[PDB]
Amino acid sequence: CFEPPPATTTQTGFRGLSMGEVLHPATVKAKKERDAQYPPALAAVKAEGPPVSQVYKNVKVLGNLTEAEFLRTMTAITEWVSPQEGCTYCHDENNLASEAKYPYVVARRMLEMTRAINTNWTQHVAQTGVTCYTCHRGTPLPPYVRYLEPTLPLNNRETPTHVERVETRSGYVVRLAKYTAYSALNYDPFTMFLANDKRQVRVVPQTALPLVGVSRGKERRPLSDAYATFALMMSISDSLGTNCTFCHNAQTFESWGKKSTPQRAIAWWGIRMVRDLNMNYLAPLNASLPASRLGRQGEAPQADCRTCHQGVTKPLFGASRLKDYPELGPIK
């Protein structure tokens, strides 16, 4: 039922406003240990010999690396994505230039996506960056992805209940609730807001009085947009293991300036980045995936805030490998 004291608390607004984090140490420790499994950087290698564009036969992304540099990458990729499966997950034992296994082609696009993240989305990932490990955590299927309908459990490494299974219709409300921090909000924030750029998150008017011409009847946004934004915010908070005051002074959710923390701006960039990733890198990959990876509408698994963050306000508590693997970005 309850969590024993003490609680760790932080301050994120002026004194007296009750803004800041409330954290259970046990829970933080369990997440710290889970995230400390991040494999350490492989030892640096001397840049020696010709570029692998001249040495190997089918190297389209990593072509400016030397042989030892490139094989160091391939070791790191195997550690991050398929340590249990090994190099043969993506490769033919007898022909390392064969694209015959689908993980090869996907991994190539993932290489491009990852460098895109570290080069074009520094407004969100800063100097910390991502690697394949950030999402994959040592398995080819990342533990936290989303379909065009809610699935349970959130961690696909756990085995679903009959009711949790997406085909059991009697369990839909619970599948939806657990994605919105157990609220009864009747909206799926992922397909509404993170799958594409079609919907506006902001719903609150920016004037005191209602403007004539947007304020009556069918000119009005339905109230459901406000439910939906709230649902997105429940989901976002739960995905970072935090509460609203991490980003907002609830005195005025819609105001910036002194009424928002810098984390709110970073979160804003995060919404745009996730949209780019899903629309332009992850959703097109239903062409290249087996039918057992796709959802009930032939969609590929896509990313939300939890995919990288897994319940922590900084993924892997700020761990970085950017300086150790320049080939993953940023790219000049």
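For every residue, the number given is its place in the sequence shown, counted from 1.
Asker: Going by the B-factors listed in the PDB entry, is the mean over the C-alpha atoms higher for 261 to 269 or for 41 to 49?
Answerer: Per the PDB record, 41 to 49.
Asker: Tell me which stretch has the larger mean Cα B-factor in this entry, 231 to 239 or 90 to 98.
Answerer: Per the deposited B-factors, the answer is 90 to 98.
Asker: For residue 206, return the chain-relative third of its C-alpha B-factor as stated in the PDB record: lowest, middle or highest.
Answerer: It belongs to the middle third of the chain when residues are ordered by C-alpha B-factor.
Asker: Residue 60: which third of its chain by C-alpha temperature factor?
Answerer: CA B-factor rank for residue 60: highest third.
Asker: For residue 294, does the deposited CA B-factor place it in the lowest, middle or highest third of the chain?
Answerer: It belongs to the highest third of the chain when residues are ordered by C-alpha B-factor.
Asker: When the deposited Cα B-factors of this chain's modelled residues are ordered and cut into thirds, is residue 219 in the lowest, the middle or the highest one?
Answerer: As the PDB entry reports it, the C-alpha B-factor of residue 219 lands in the middle third of its chain.
Asker: Going by what the PDB entry lists, where does residue 32 fall on CA B-factor within its chain: lowest, middle or highest third?
Answerer: For residue 32, whose C-alpha B-factor we compare with every modelled residue in the chain, the answer is the middle third.
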